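Undergrad: I'd like to ask you about the structure that follows.
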Amino acid sequence: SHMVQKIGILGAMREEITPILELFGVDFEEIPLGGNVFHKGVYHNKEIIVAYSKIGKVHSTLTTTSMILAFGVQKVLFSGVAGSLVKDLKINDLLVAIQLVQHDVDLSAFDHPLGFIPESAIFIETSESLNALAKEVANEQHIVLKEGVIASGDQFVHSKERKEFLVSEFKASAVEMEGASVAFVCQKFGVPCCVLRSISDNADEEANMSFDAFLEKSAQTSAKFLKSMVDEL
Amino acid sequence: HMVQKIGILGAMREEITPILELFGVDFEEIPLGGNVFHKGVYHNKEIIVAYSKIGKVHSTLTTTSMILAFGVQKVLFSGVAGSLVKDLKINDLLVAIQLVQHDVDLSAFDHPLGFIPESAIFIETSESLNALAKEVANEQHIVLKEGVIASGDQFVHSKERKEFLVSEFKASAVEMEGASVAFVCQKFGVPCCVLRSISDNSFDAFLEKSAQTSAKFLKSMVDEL
Ligand SMILES: Nc1ncnc2[nH]cnc12
């Protein structure tokens with residue numbers, strides 16, 4: 001029914017949604033579609049649709065589209081982990097993405113700026129309203145929540161040279177592989193989106209080792225915070 | 001019972017009018033997710049035609065929308081691609097037997113390039129549509145070339161990057177949207193056929209010519225479906 005509010009909650013990997021399903025604690029019906037498993041439950045009278053997309057831009061575009069078109073979700077909250085590009089963002093710290101960019105798009109051979117695609121824009125915006133809510137919830141929990149630009153692309157970044165490019169070209173604070181495609185799809189449909197990330201690594205030569213040591217704790221941190229936001233919705 | 005619903009995607013806007021005009025039936029414009037879908041009925045099949053837009057996110061969105069919102073059961077995707085190999089020339093028509101996202105890189109974890117966990121490097125296409133393409137080609141006096149198409153969100157033109165696509169994936173041609181549309185179709189169980197006219201071994205003139213011959217090719221595949 002259109003009288004039932006529907007909220008999509010997305011992560012990229014199983015580990016990013018496991019804690020979400022546990023924290024919400026209601027029974028979820030499993031519904032397979034398009035290679036994804038959607039978990040549908042009712043929490044405080046809201047239908048919550050939870051899924052992990054699998055990694056990267058094509059997987060996350062597909063899953064966000066299914067949530068909106070097939071499940072009729074009217075907000076998307078994305079939760080997961082990211083690599084830090086700035087010294088003040090340390091392991092486990094939370095960032096909300098005020099703008100996102102696809103950092104790997106390169107049509108500069110035809111004089112477009114890096115990150116730009118025709119009919120689109122370098123920077124994609126998220127919901128003022130939901131980010132304002134994230135800030136209120138962080139303040140009300142005594143959690144430090146940074147706001148910044150997140151760069152997304154289909155490579156796991158693990159080099160000083162790529163980090164330096166991300167900071168100089170886009171002034172990005174963190175890097176990951178899905179945010180910009182989820183925020184893009186939500187913008188095309190006019191659906192409010194929030195992208196929350198907790199830092200798992202520093203996107204440098206050691207990033208794989210950090211990512212594996214910290215993924216689960218960082219995914220839990222983001223997942224708890226997302227649950228705090230749904231509790232105020 | 002249910003009508004057959006066929007989706008036709010063009011990778012360039014210039015390809016779209018030639019398609020609608022050749023089908024010769026009335027098309028209704030339906031906007032959705034910033035895309036425009038043209039819906040008509042040709043020989044009692046529903047035909048939904050759209051430009052994919054540029055880059056993998058745009059084309060994943062267009063394809064997922066066509067499947068979920070219009071119920072397309074098979075997808076034909078036409079466009080242009082640059083050659084990576086010695087035996088292709090301008091205006092050759094190539095059917096993609098497999099595709100790859102050539103820019104995917106999780107090598108920090110010792111995964112091979114192009115690979116994502118819970119996925120695979122190569123994306124397959126429809127044996128029965130690719131066979132139909134070969135039949136149509138016969139009838140239209142076209143030699144259909146077969147190969148691997150590599151797709152990524154960068155324009156590929158350097159010697160080093162072209163030789164990488166050949167050595168890493170044995171790709172025959174390169175473009176930006178094919179892999180993502182074939183991948184979405186695979187996820188949903190939708191037969192897909194990806195056809196590309198080879199652009200380089202005057203662009204606007206090549207584009208205008210290839211759009212007409214591809215329109216003609218697509219319509220005669222539909223005639224056999
Ligand atoms: N360094 C990194 N690069 C891309 N995506 C990530 N997610 C977490 N860390 C990342």
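In the structure tokens, chains take letters A, B, ... by order of appearance, with residues numbered from 1 within each chain and ligands from 1 in the order shown.
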Applying 12 Å and only C-alpha atoms, which residues near range 122-125 of chain B remain after dropping the ones on its own chain fewer than 4 positions away? List them as a count of residues only.
TA: 48
Undergrad: Would you mind listing the residues within 6 Å of ligand 1, counting only C-alpha atoms and all ligand atoms, as a list in words?
TA: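 Counting only C-alpha atoms and all ligand atoms, the residues within 6 Å of ligand 1 come out as residues 81, 82, 83, 156, 157, 158, 175, 176, 177, 200, 201, 203 and 207 of chain A.
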Undergrad: Using only C-alpha atoms, what table do you get, as a tab-separated table, when you list each residue of chain A with an atom no more than 7 Å from chain B, its nearest pair of atoms, and their distance in Å rounded to one decimal, rows by chain then rising number?
TA:
```
residue	atom	partner	partner_atom	distance
A:34	CA	B:188	CA	4.6
A:35	CA	B:187	CA	5.2
A:55	CA	B:116	CA	6.7
A:57	CA	B:57	CA	6.4
A:58	CA	B:57	CA	6.0
A:61	CA	B:57	CA	6.2
A:62	CA	B:64	CA	6.1
A:65	CA	B:61	CA	6.7
A:69	CA	B:68	CA	6.7
A:70	CA	B:68	CA	6.6
A:104	CA	B:153	CA	6.9
A:105	CA	B:153	CA	5.0
A:106	CA	B:154	CA	4.5
A:107	CA	B:154	CA	5.8
A:109	CA	B:155	CA	6.8
A:117	CA	B:54	CA	6.9
A:154	CA	B:104	CA	5.0
A:155	CA	B:105	CA	4.4
A:156	CA	B:106	CA	5.5
A:158	CA	B:108	CA	6.8
A:181	CA	B:57	CA	6.3
A:188	CA	B:33	CA	4.7
A:189	CA	B:33	CA	4.9
A:208	CA	B:108	CA	6.1
```
Undergrad: Tell me which protein, DNA and RNA residues are within 9 Å of residue 225 in chain A, counting only C-alpha atoms, leaving out same-chain ones fewer than 3 positions away, and put them as a list in words.
TA: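 Close residues of residue 225 in chain A: residues 79, 94, 134, 137, 138, 196, 220, 221, 222, 228, 229 and 230 of chain A.
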Undergrad: Those selected residues, please, written with N, CA and C atoms and delivered as a tab-separated table (two decimals), in the first residue's frame.
TA:
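And here's part.tsv as it stands now:
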```tsv
chain	number	residue	atom	x	y	z
A	79	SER	N	24.91	2.45	4.21
A	79	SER	CA	25.79	2.30	5.34
A	79	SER	C	26.91	1.41	4.98
A	94	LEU	N	33.13	8.33	11.66
A	94	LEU	CA	31.98	8.42	10.78
A	94	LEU	C	31.94	9.69	9.94
A	134	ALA	N	21.16	13.37	10.33
A	134	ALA	CA	22.38	12.74	10.83
A	134	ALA	C	23.13	13.65	11.82
A	137	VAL	N	21.33	13.73	15.19
A	137	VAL	CA	21.47	12.46	15.92
A	137	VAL	C	22.89	12.31	16.45
A	138	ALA	N	23.90	12.77	15.69
A	138	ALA	CA	25.28	12.63	16.14
A	138	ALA	C	25.44	13.50	17.41
A	196	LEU	N	26.36	7.19	4.52
A	196	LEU	CA	27.09	7.16	5.78
A	196	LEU	C	28.24	6.19	5.61
A	220	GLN	N	29.93	-2.28	11.80
A	220	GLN	CA	29.05	-2.19	13.01
A	220	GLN	C	28.80	-0.74	13.44
A	221	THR	N	29.84	0.08	13.47
A	221	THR	CA	29.75	1.50	13.85
A	221	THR	C	28.75	2.27	12.91
A	222	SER	N	28.88	2.07	11.60
A	222	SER	CA	28.03	2.73	10.62
A	222	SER	C	26.61	2.20	10.80
A	228	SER	N	20.13	4.52	14.49
A	228	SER	CA	19.79	5.74	15.26
A	228	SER	C	18.99	6.77	14.46
A	229	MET	N	19.32	6.90	13.19
A	229	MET	CA	18.60	7.78	12.26
A	229	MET	C	17.21	7.26	11.93
A	230	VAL	N	17.06	5.95	11.68
A	230	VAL	CA	15.75	5.37	11.39
A	230	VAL	C	14.85	5.52	12.61
```
Undergrad: Hey, what's within 12 Å of residue 209 in chain B if we count only C-alpha atoms and toss same-chain stuff fewer than 2 positions away? As a ChimeraX atom specification, please?
TA: /B:14-15,18,79-80,90-91,197-199,202-207,211-216
Undergrad: Atoms to include: C-alpha atoms. Write the selected residues as a compact mmCIF listing (two decimals), in the first residue's frame.
TA:
```txt
# COMPACT_ATOMS: atom_id res chain seq x y z
CA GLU B 14 21.88 9.67 -32.89
CA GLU B 15 21.01 5.99 -33.21
CA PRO B 18 16.68 5.88 -37.26
CA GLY B 79 26.36 1.14 -30.73
CA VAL B 80 29.92 1.78 -31.85
CA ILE B 90 35.86 0.72 -40.00
CA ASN B 91 32.19 -0.31 -40.43
CA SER B 197 29.94 -1.04 -35.50
CA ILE B 198 33.69 -0.52 -35.56
CA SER B 199 34.60 3.18 -35.70
CA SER B 202 34.67 11.57 -40.25
CA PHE B 203 32.99 10.48 -36.96
CA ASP B 204 29.63 12.24 -37.45
CA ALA B 205 29.29 10.78 -40.96
CA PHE B 206 30.35 7.29 -39.77
CA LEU B 207 27.79 7.65 -36.94
CA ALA B 211 22.86 4.15 -37.26
CA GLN B 212 20.93 3.31 -40.44
CA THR B 213 22.55 -0.01 -41.04
CA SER B 214 22.17 -1.00 -37.34
CA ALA B 215 18.46 0.06 -37.42
CA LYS B 216 18.02 -2.19 -40.43
```
Undergrad: Name all residues at most 12 Å from residue 186 in chain A (count only C-alpha atoms; drop same-chain ones fewer than 2 positions away) and give them as a VMD selection string.
TA: (chain A and resid 8 60 to 69 73 to 78 124 to 127 179 to 184 188 to 195) or (chain B and resid 33 to 34 61)
Undergrad: Atoms to include: N, CA, C and O atoms. Write the selected residues as a compact mmCIF listing (two decimals), in the first residue's frame.
TA:
```
# COMPACT_ATOMS: atom_id res chain seq x y z
N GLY A 8 14.60 2.16 2.13
CA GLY A 8 15.63 1.21 1.69
C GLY A 8 16.88 1.41 2.50
O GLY A 8 17.29 2.58 2.74
N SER A 60 25.88 -1.61 -7.41
CA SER A 60 25.09 -0.70 -6.53
C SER A 60 24.02 0.09 -7.33
O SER A 60 22.97 0.38 -6.78
N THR A 61 24.32 0.49 -8.57
CA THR A 61 23.25 1.14 -9.41
C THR A 61 22.07 0.21 -9.59
O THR A 61 20.89 0.62 -9.47
N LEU A 62 22.36 -1.06 -9.90
CA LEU A 62 21.29 -2.03 -10.16
C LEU A 62 20.40 -2.20 -8.90
O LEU A 62 19.15 -2.04 -8.97
N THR A 63 21.04 -2.39 -7.74
CA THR A 63 20.31 -2.68 -6.48
C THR A 63 19.47 -1.44 -6.06
O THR A 63 18.35 -1.59 -5.59
N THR A 64 20.04 -0.24 -6.23
CA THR A 64 19.33 1.01 -5.80
C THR A 64 18.11 1.13 -6.71
O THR A 64 17.02 1.44 -6.22
N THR A 65 18.31 0.87 -8.00
CA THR A 65 17.17 0.92 -8.96
C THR A 65 16.07 -0.07 -8.59
O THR A 65 14.86 0.25 -8.56
N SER A 66 16.47 -1.31 -8.27
CA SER A 66 15.46 -2.28 -7.85
C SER A 66 14.70 -1.81 -6.57
O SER A 66 13.47 -1.98 -6.41
N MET A 67 15.46 -1.23 -5.63
CA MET A 67 14.76 -0.83 -4.35
C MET A 67 13.69 0.21 -4.70
O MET A 67 12.61 0.20 -4.13
N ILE A 68 14.04 1.16 -5.53
CA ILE A 68 13.13 2.23 -5.87
C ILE A 68 11.96 1.72 -6.76
O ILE A 68 10.77 2.01 -6.45
N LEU A 69 12.25 0.93 -7.81
CA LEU A 69 11.23 0.57 -8.79
C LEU A 69 10.44 -0.65 -8.38
O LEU A 69 9.24 -0.70 -8.59
N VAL A 73 10.68 2.01 -2.50
CA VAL A 73 11.26 2.75 -1.39
C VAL A 73 11.27 4.24 -1.68
O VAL A 73 11.36 4.67 -2.86
N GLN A 74 11.00 5.02 -0.62
CA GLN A 74 10.92 6.45 -0.83
C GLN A 74 11.97 7.21 -0.08
O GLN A 74 11.96 8.47 -0.17
N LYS A 75 12.86 6.49 0.58
CA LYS A 75 14.19 7.07 1.09
C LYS A 75 15.23 5.97 0.95
O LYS A 75 14.89 4.81 1.20
N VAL A 76 16.50 6.33 0.66
CA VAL A 76 17.58 5.28 0.73
C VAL A 76 18.66 5.72 1.67
O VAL A 76 19.20 6.83 1.47
N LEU A 77 19.01 4.86 2.64
CA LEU A 77 20.08 5.11 3.57
C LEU A 77 21.16 4.09 3.28
O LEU A 77 20.90 2.88 3.32
N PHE A 78 22.35 4.57 2.97
CA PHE A 78 23.41 3.64 2.63
C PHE A 78 24.44 3.64 3.79
O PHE A 78 24.86 4.70 4.21
N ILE A 124 27.52 14.92 -7.15
CA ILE A 124 26.14 14.55 -6.91
C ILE A 124 25.80 14.89 -5.47
O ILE A 124 26.53 14.50 -4.55
N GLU A 125 24.65 15.52 -5.26
CA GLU A 125 24.21 15.91 -3.89
C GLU A 125 23.37 14.85 -3.21
O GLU A 125 22.64 14.12 -3.89
N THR A 126 23.38 14.84 -1.87
CA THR A 126 22.50 13.97 -1.09
C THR A 126 21.44 14.87 -0.40
O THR A 126 21.41 16.08 -0.65
N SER A 127 20.60 14.26 0.41
CA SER A 127 19.44 14.95 1.02
C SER A 127 19.90 15.93 2.14
O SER A 127 20.38 15.46 3.16
N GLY A 179 29.22 4.80 -3.34
CA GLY A 179 28.33 5.88 -2.88
C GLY A 179 27.76 6.75 -3.97
O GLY A 179 26.61 7.11 -3.95
N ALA A 180 28.63 7.13 -4.90
CA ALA A 180 28.19 8.07 -5.92
C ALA A 180 27.14 7.48 -6.83
O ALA A 180 26.24 8.21 -7.26
N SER A 181 27.23 6.16 -7.10
CA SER A 181 26.24 5.53 -7.99
C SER A 181 24.94 5.43 -7.25
O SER A 181 23.90 5.66 -7.87
N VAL A 182 24.94 5.15 -5.94
CA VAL A 182 23.65 5.08 -5.18
C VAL A 182 23.05 6.49 -5.16
O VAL A 182 21.89 6.66 -5.47
N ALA A 183 23.87 7.48 -4.82
CA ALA A 183 23.30 8.88 -4.71
C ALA A 183 22.79 9.35 -6.10
O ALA A 183 21.80 10.11 -6.21
N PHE A 184 23.50 8.97 -7.15
CA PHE A 184 23.10 9.32 -8.55
C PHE A 184 21.69 8.77 -8.91
O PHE A 184 20.79 9.51 -9.37
N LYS A 188 18.18 10.76 -9.77
CA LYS A 188 17.41 10.59 -11.03
C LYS A 188 15.94 10.30 -10.76
O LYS A 188 15.04 10.70 -11.57
N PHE A 189 15.66 9.64 -9.66
CA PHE A 189 14.27 9.37 -9.26
C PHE A 189 13.68 10.33 -8.29
O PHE A 189 12.54 10.13 -7.80
N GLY A 190 14.43 11.32 -7.88
CA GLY A 190 13.90 12.26 -6.92
C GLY A 190 13.68 11.67 -5.54
O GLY A 190 12.77 12.12 -4.84
N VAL A 191 14.51 10.67 -5.14
CA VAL A 191 14.34 9.99 -3.86
C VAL A 191 15.43 10.48 -2.87
O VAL A 191 16.60 10.49 -3.21
N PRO A 192 15.04 10.96 -1.67
CA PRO A 192 16.03 11.34 -0.65
C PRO A 192 17.06 10.23 -0.34
O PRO A 192 16.70 9.09 -0.06
N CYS A 193 18.34 10.60 -0.33
CA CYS A 193 19.40 9.61 -0.07
C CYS A 193 20.37 10.15 1.01
O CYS A 193 20.74 11.37 1.02
N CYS A 194 20.86 9.26 1.89
CA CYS A 194 21.94 9.61 2.80
C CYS A 194 23.04 8.55 2.65
O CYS A 194 22.70 7.37 2.58
N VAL A 195 24.32 8.95 2.61
CA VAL A 195 25.45 8.02 2.51
C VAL A 195 26.32 8.23 3.70
O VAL A 195 26.90 9.31 3.87
N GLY B 33 13.23 8.12 -14.49
CA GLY B 33 14.61 8.17 -14.01
C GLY B 33 15.55 9.02 -14.84
O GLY B 33 16.73 8.67 -14.91
N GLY B 34 15.00 10.06 -15.51
CA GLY B 34 15.81 10.97 -16.34
C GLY B 34 16.09 10.42 -17.72
O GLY B 34 16.78 11.06 -18.52
N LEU B 61 21.51 1.91 -15.02
CA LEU B 61 20.19 2.49 -14.70
C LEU B 61 19.16 2.32 -15.82
O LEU B 61 17.97 1.90 -15.58
```
Undergrad: Identify all residues of chain B in alpha helix (DSSP H) (DSSP on the backbone) and supply them as a VMD selection string.
TA: chain B and resid 16 to 23 56 to 70 127 to 139 159 to 169 178 to 188 203 to 224
Undergrad: Using backbone DSSP assignments, extract all strand (DSSP E) residues from range 28-136 of chain A; output them as a PyMOL selection string.
TA: chain A and resi 29-33+36-43+46-52+75-84+94-102+124-125
Undergrad: For CA of residue 139 in chain A and CA of residue 166 in chain A, determine how far apart the two atoms are, in Å to one decimal place.
TA: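 About the pair CA of residue 139 in chain A and CA of residue 166 in chain A: they are 28.9 Å apart.
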Undergrad: CA of residue 133 in chain B and CA of residue 121 in chain B are how many Å apart?
TA: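 Answer for the CA of residue 133 in chain B to CA of residue 121 in chain B separation: 24.3 Å.
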Undergrad: Nearest to residue 12 in chain B: which of B:78, B:144, B:111, B:120 is it, counting only C-alpha atoms?
TA: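 Nearest candidate to residue 12 in chain B out of B:78, B:144, B:111, B:120: B:78.
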Undergrad: If you measure from CA of residue 100 in chain A to CA of residue 150 in chain A, what distance in Å do you get, rounded to one decimal?
TA: 4.9 Å
Undergrad: Can you list, as a list in words, every protein, DNA or RNA residue that comes within 7 Å of residue 47 in chain A when you count only C-alpha atoms, leaving out same-chain residues fewer than 2 positions away?
TA: residues 4, 5, 6, 7, 40, 41, 42, 43, 45 and 49 of chain A
Undergrad: For a quick check of understanding, using only C-alpha atoms, which of B:176, B:222, B:165, B:93 has the smallest distance to residue 143 in chain B?
TA: B:93
Undergrad: List the neighbours of residue 84 in chain B out to 9 Å using only C-alpha atoms; skip same-chain residues closer than 3 positions along the sequence, and give me the result as JSON, numbers by chain.
TA: {"B": [88, 162, 163, 165, 166, 171, 172, 173, 174, 201]}
Undergrad: Hey, can you spit out that residue selection with N, CA, C and O atoms as a short mmCIF file (atom, residue, chain, number, x, y, z; two decimals), in the first residue's frame?
TA:
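Just written: out-v8.cif:
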```cif
data_model
loop_
_atom_site.label_atom_id
_atom_site.label_comp_id
_atom_site.auth_asym_id
_atom_site.auth_seq_id
_atom_site.Cartn_x
_atom_site.Cartn_y
_atom_site.Cartn_z
N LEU B 88 40.10 -6.11 -37.65
CA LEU B 88 38.88 -5.32 -37.73
C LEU B 88 39.09 -4.02 -38.50
O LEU B 88 40.18 -3.45 -38.47
N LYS B 162 45.58 0.23 -24.70
CA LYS B 162 45.04 -0.71 -25.72
C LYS B 162 45.75 -2.06 -25.61
O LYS B 162 45.13 -3.12 -25.65
N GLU B 163 47.06 -2.05 -25.45
CA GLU B 163 47.76 -3.35 -25.36
C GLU B 163 47.42 -4.06 -24.06
O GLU B 163 47.38 -5.30 -24.04
N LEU B 165 44.40 -4.06 -22.68
CA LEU B 165 43.09 -4.75 -22.90
C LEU B 165 43.25 -6.04 -23.69
O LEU B 165 42.53 -7.00 -23.45
N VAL B 166 44.16 -6.03 -24.65
CA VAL B 166 44.44 -7.25 -25.41
C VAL B 166 45.15 -8.29 -24.54
O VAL B 166 44.77 -9.51 -24.49
N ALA B 171 40.58 -8.75 -25.45
CA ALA B 171 39.50 -7.96 -26.04
C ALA B 171 39.73 -7.59 -27.47
O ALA B 171 40.89 -7.51 -27.88
N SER B 172 38.68 -7.51 -28.27
CA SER B 172 38.77 -7.13 -29.68
C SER B 172 38.37 -5.70 -29.90
O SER B 172 38.80 -5.09 -30.87
N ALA B 173 37.55 -5.14 -29.02
CA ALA B 173 37.11 -3.77 -29.20
C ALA B 173 36.72 -3.16 -27.85
O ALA B 173 36.59 -3.89 -26.84
N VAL B 174 36.62 -1.85 -27.84
CA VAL B 174 36.49 -1.16 -26.54
C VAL B 174 35.43 -0.08 -26.65
O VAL B 174 35.37 0.68 -27.64
N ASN B 201 40.33 1.64 -36.44
CA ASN B 201 41.03 0.34 -36.56
C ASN B 201 42.24 0.24 -35.66
O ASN B 201 42.85 1.26 -35.34
#
```
